[PDB]
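Colleague: Pasting in a structure now, in structure tokens, and then I'll have a few things to ask.
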Ligand SMILES: *[C@@H]1O[C@H](CO[C@@H]2O[C@@H](C)[C@@H](O)[C@@H](O)[C@@H]2O)[C@@H](O[C@@H]2O[C@H](CO)[C@@H](O[C@@H]3O[C@H](CO[C@H]4O[C@H](CO)[C@@H](O)[C@H](O)[C@@H]4O[C@@H]4O[C@H](CO)[C@@H](O)[C@H](O)[C@H]4NC(C)=O)[C@@H](O)[C@H](O[C@H]4O[C@H](CO)[C@@H](O)[C@H](O)[C@@H]4O[C@@H]4O[C@H](CO)[C@@H](O)[C@H](O)[C@H]4NC(C)=O)[C@@H]3O)[C@H](O)[C@H]2NC(C)=O)[C@H](O)[C@H]1NC(C)=O
Ligand SMILES: *[C@@H]1O[C@H](CO[C@@H]2O[C@@H](C)[C@@H](O)[C@@H](O)[C@@H]2O)[C@@H](O[C@@H]2O[C@H](CO)[C@@H](O[C@@H]3O[C@H](CO[C@H]4O[C@H](CO)[C@@H](O)[C@H](O)[C@@H]4O[C@@H]4O[C@H](CO)[C@@H](O)[C@H](O)[C@H]4NC(C)=O)[C@@H](O)[C@H](O[C@H]4O[C@H](CO)[C@@H](O)[C@H](O)[C@@H]4O[C@@H]4O[C@H](CO)[C@@H](O)[C@H](O)[C@H]4NC(C)=O)[C@@H]3O)[C@H](O)[C@H]2NC(C)=O)[C@H](O)[C@H]1NC(C)=O
């Protein structure tokens with residue numbers, strides 16, 4: 002029979018208010034004369050009606066896959082609202098309800114540390130500036146790099162890494178050209194998380 | 002019908018003689034009264050007869066799961082030898098050949114750097130020393146931390162991270178009580194990977 006998969010908004014949508022944090026409910030495995038199924042949504046047990054439900058998409062494996070996206074506020078999601086996608090079929094003994102919400106647990110503020118290169122690497126053609134971030138719970142978080150004010154193109158971030166106390170940690174690397182490093186340019190890692198002042202913090206450094 | 006999953010030896014075991022590196026062939030979904038099945042092993046198209054096989058392990062979900070552990074040398078694996086576990090069944094008609102071998106690609110030497118704490122952190126009651134390993138390939142790699150010879154209990158390590166050029170990178174944090182950091186001690190990272198001198202390299206640092 003068919004199967005439901007409810008998904009959470011992005012750790013970056015949930016924090017900033019320019020983007021829209023959304024909650025996506027998905028159905029799969031709806032056979033070929035199973036008529037339309039119907040999203041009933043509920044937030045903490047009351048029916049909202051603003052979910053932009055989409056059409057009935059065909060799949061390579063000849064199934065029907067259905068989606069309903071539902072916009073939510075950041076206030077709401079981070080207050081621990083319990084969002085629910087109920088689905089009735091036309092050809093299924095039951096209706097299927099799934100529910101989702103923010104992670105439970107006393108949120109913990111990280112602290113950011115920029116780290117410089119190593120005195121070994123400074124002679125190299127490029128160098129690796131390091132943003133260590135640690136102590137953060139919940140695991141959902143976001144990092145960016147900017148330079149003089151202008152944002153940075155290329156960098157790489159590890160997935161969060163569970164720590165021995167139950168907090169999470171991660172590292173982020175930034176390759177910068179040996180050329181561009183020296184002339185006292187100034188570089189800054191910036192981090193977004195539930196438990197920050199303005200949900201936002203930066204460290205920064207120079208060639209000192 | 003039944004399915005066959007072949008699995009390689011882990012990087013640590015592939016890198017030193019002390020340990021024994023193994024190639025594991027696992028069949029799952031051998032049904033209720035379908036009798037035994039055989040492993041026919043081959044190495045680059047020649048049959049070896051040394052796999053320490055175990056007998057049929059029945060599962061919760063009511064199938065028969067079978068395993069054969071074949072042992073290899075390290076020179077064998079790093080020469081890129083192709084190992085195959087073929088399965089005769091007494092049920093579904095076919096043989097099921099499955100093949101495994103080392104990752105293809107010109108190996109790259111991991112360049113490793115210890116990084117000290119950040120000035121910021123020092124007033125905390127613990128500190129975080131950082132081993133950064135970059136530019137390595139294949140992704141199979143092992144990191145350990147020791148101090149005055151003795152190894153370390155707490156050390157976390159990110160899973161490798163694909164880089165913009167195709168090499169991999171990773172980080173490792175070591176938390177040490179500040180009571181251990183600042184009375185004159187020496188600390189050391191240790192890295193293992195095929196494209197190295199003696200498949201092993203280490204950096205080290207101290208309160209200078
Ligand atoms: C027919 O095809 C469809 C379409 O898929 C396509 O089919 C064929 C043609 C191939 O080409 C496929 O390669 C192709 O993808 C099949 O639909 C699939 O159905 C399976 C189930 O049979 C679903 O499995 C689930 O997967 C989700 C993860 O799905 C996300 O991530 C995938 C990649 O990571 C991505 O492909 C998906 O589209 C989806 O992607 C994310 O989507 C969100 C929302 O849009 C988006 O914001 C993200 O950015 C995006 N991410 C990425 C990386 O793209 C997974 O969550 C499920 O795991 C849980 O459930 C398992 C039980 O099935 C269980 O074993 C797990 O341990 C895990 O347990 C859960 O844990 C959660 C969280 O930790 C927790 O709440 C619970 O404890 C627990 N919950 C549950 C319910 O168990 C699950 O594995 C596929 O998502 C789905 N694919 C697509 C594309 O929709 C269909 O099955 C096929 N039918 C047949 C008969 O074969
Ligand atoms: C009945 O149950 C059994 C037992 O499982 C258990 O059953 C129930 C009771 C629950 O408790 C389960 O939670 C529990 O697991 C079922 O047996 C399972 O069968 C499925 C297949 O149906 C297997 O799926 C495959 O999984 C492997 C990974 O398996 C490793 O990792 C698991 C955890 O991550 C671990 O549980 C396994 O034991 C095994 O563990 C590893 O083992 C090695 C060797 O011993 C060891 O060195 C490792 O340290 C160890 N690791 C860990 C973390 O423990 C996965 O590789 C497969 O994925 C490939 O294939 C998929 C398609 O099947 C495909 O979607 C993927 O993309 C992927 O692609 C392959 O890989 C590469 C890279 O992508 C690609 O280049 C290849 O070309 C491609 N090849 C193929 C062929 O696809 C796959 O997902 C389970 O492992 C297996 N579980 C166990 C424990 O054996 C049984 O199926 C059940 N039967 C029924 C009817 O329900």
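Protein chains in written order, with the working numbering: chain U, 2 to 209; chain W, 2 to 209. Positions of the beta carbon are idealized from the N, C-alpha and C atoms, including for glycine.
Could you check how far apart the C-beta atoms of residue 211/U and residue 28/U are, in whole angstroms? I think they sit under 8 Å.
Modeller: For chain U, the structure presents residues 2 to 209; residue 211/U sits outside this window and is missing.
Colleague: Does ligand 2 have a heavy atom nearer than 7 Å to the CB of residue 186/U?
Modeller: Outside the cutoff, so no.
Colleague: What are the boundary residues of the alpha helix (DSSP H) that residue 181/U is part of?
Modeller: Here the alpha helix (DSSP H) through residue 181/U covers 179-182.
Colleague: Can you tell me whether residue 51/U is helix, strand or coil according to DSSP?
Modeller: Here residue 51/U sits in coil by DSSP.
Colleague: CA-CA distance, residue 43/U and residue 3/U?
Modeller: In a straight line, the C-alpha of residue 43/U is about 21 Å away from that of residue 3/U.
Colleague: Can you pull every residue whose C-beta falls closer than 5 Å to some heavy atom of ligand 1, listed in chain order?
Modeller: Taking each Cβ in turn, the ones that pass are 8/U, 25/U, 29/U, 60/U, 61/U, 62/U and 64/U.
Colleague: Shorter than 8 Å from the beta carbon of residue 128/W to some beta carbon of chain U?
Modeller: No, residue 128/W lies away from the interface with chain U (no Cβ there is under 8 Å from its Cβ).
Colleague: In this structure, does DSSP put residue 105/W in helix, strand or coil?
Modeller: Of the three classes helix, strand and coil, the one that applies to residue 105/W here is coil, per DSSP.
Colleague: For residue 169/W and chain U, any beta-carbon pair shorter than 8 Å?
Modeller: Taking Cβ atoms only, chain U never reaches closer than 8 Å to residue 169/W, which makes this a no.
Colleague: Have a look at residue 194/W and residue 205/W and give me their C-alpha separation to the nearest angstrom.
Modeller: Taking the straight line from one Cα to the other gives about 18 Å.
Colleague: If you compare alpha carbons, which of 172/U, 159/U and 152/U is closest to residue 187/U?
Modeller: Among 172/U, 159/U and 152/U, the Cα nearest to that of residue 187/U belongs to 152/U.
Colleague: With the cut-off set at 8 Å, would you say residue 30/U and residue 64/U are in Cβ contact?
Modeller: Result yes, Cβ atoms of residue 30/U and residue 64/U sit closer than 8 Å.
Colleague: Compare the C-beta of residue 103/U with all C-beta atoms of chain W and state if any pair is closer than 8 Å.
Modeller: No, because no Cβ of chain W sits closer than 8 Å to the Cβ of residue 103/U.
Colleague: Do residue 147/U and residue 191/U have their beta-carbon atoms positioned less than 8 Å apart in this structure?
Modeller: Yes, these two residues count as a Cβ contact at 8 Å.
Colleague: Are there any heavy atoms of ligand 2 lying less than 7 Å away from the beta-carbon of residue 234/W, as far as the coordinates show?
Modeller: Residue 234/W falls outside the range modelled here, since chain W spans only 2 to 209, and no answer is possible.
Colleague: Have a look at residue 116/W and residue 120/U and give me their C-alpha separation to the nearest angstrom.
Modeller: Roughly 9 Å between the two C-alpha positions.
Colleague: Between the Cα of residue 196/U and the Cα atoms of 145/U, 184/U, 169/U and 109/U, which residue gives the shortest distance?
Modeller: Residue 109/U is the option with its Cα nearest to residue 196/U.
Colleague: Tell me whether residue 45/U is buried or exposed, calling it buried when 16 or more other Cβ atoms sit within 10 Å of its Cβ.
Modeller: When all chains shown are included, residue 45/U counts as exposed.
Colleague: Excluding the 5 residues flanking residue 142/U on each side, which residues of the same chain have their C-beta closer than 8 Å to its C-beta?
Modeller: The answer, listed in chain order, is 12, 111, 134, 161, 169, 171, 192, 193 and 194.
Colleague: How many angstroms separate the CA atom of residue 139/U from the CA atom of residue 103/U?
Modeller: Roughly 9 Å between the two C-alpha positions.
Colleague: Can you tell me whether residue 4/W sits near ligand 2, meaning its C-beta is under 7 Å from at least one heavy atom of the ligand?
Modeller: Yes - ligand 2 has a heavy atom lying nearer than 7 Å to the Cβ of residue 4/W.
Colleague: Closer than 8 Å between beta carbons: that is the criterion. Which residues of the region 191-203 of chain W meet it against chain U?
Modeller: Within the region 191-203 of chain W, no residue qualifies.
Colleague: With C-beta atoms as the reference, is residue 179/W less than 8 Å away from residue 127/W?
Modeller: Contact: yes.
Colleague: With DSSP collapsed to three states, give me the class of residue 157/W.
Modeller: Looking at residue 157/W - three-state DSSP - the assignment turns out to be strand.
Colleague: By the 10 Å Cβ neighbour count, where 16 or more other Cβ atoms means buried, how is residue 124/W classified, buried or exposed?
Modeller: Under this definition residue 124/W is an exposed residue.
Colleague: From residue 209/U to residue 176/U, what does the alpha carbon distance come to, in whole angstroms?
Modeller: Cα-Cα distance, rounded: 18 Å.
Colleague: Could you round the C-beta distance between residue 84/W and residue 101/W to whole angstroms and report it? I think they count as a contact, below 8 Å.
Modeller: Indeed they touch by this definition, with Cβ atoms about 5 Å apart.
Colleague: So does residue 27/W have its beta carbon nearer than 7 Å to some heavy atom of ligand 2?
Modeller: It does: the Cβ of residue 27/W is within 7 Å (strictly closer) of some heavy atom of ligand 2.
Colleague: Thinking C-beta only, is residue 48/U closer than 8 Å to residue 41/U?
Modeller: The answer is yes: Cβ separation under 8 Å.
Colleague: By the three-class DSSP mapping on this structure, what secondary structure does residue 35/W have?
Modeller: Of the three classes helix, strand and coil, the one that applies to residue 35/W here is coil, per DSSP.
Colleague: Whose CA, out of 145/U, 159/U, 154/U and 149/U, lies closest to the CA of residue 202/U?
Modeller: When each option's Cα is compared against that of residue 202/U, the closest is 145/U.
Colleague: Residue 13/W lies in the alpha helix (DSSP H); which residues open and close that run?
Modeller: Looking at the DSSP string, the run of the alpha helix (DSSP H) that includes residue 13/W is 12-16.
Colleague: How would you call residue 15/W, buried or exposed, if buried means at least 16 neighbouring beta carbons within 10 angstroms?
Modeller: Per the 10 Å Cβ criterion, buried.
Colleague: Would you please verify whether the beta carbon of residue 189/W is less than 8 Å from any beta carbon of chain U?
Modeller: So no, residue 189/W is outside the interface.
Colleague: Leaving out five residues before and five after residue 200/W in sequence, what residues of the same chain have Cβ atoms less than 8 Å from its Cβ?
Modeller: Once the five neighbours on either side are set aside, the close Cβ partners of residue 200/W are 16, 17, 193 and 194.
Colleague: Mind checking who residue 8/W pairs with in its DSSP beta bridge?
Modeller: According to DSSP, which records beta bridges pairwise, residue 8/W is partnered with 25/W.
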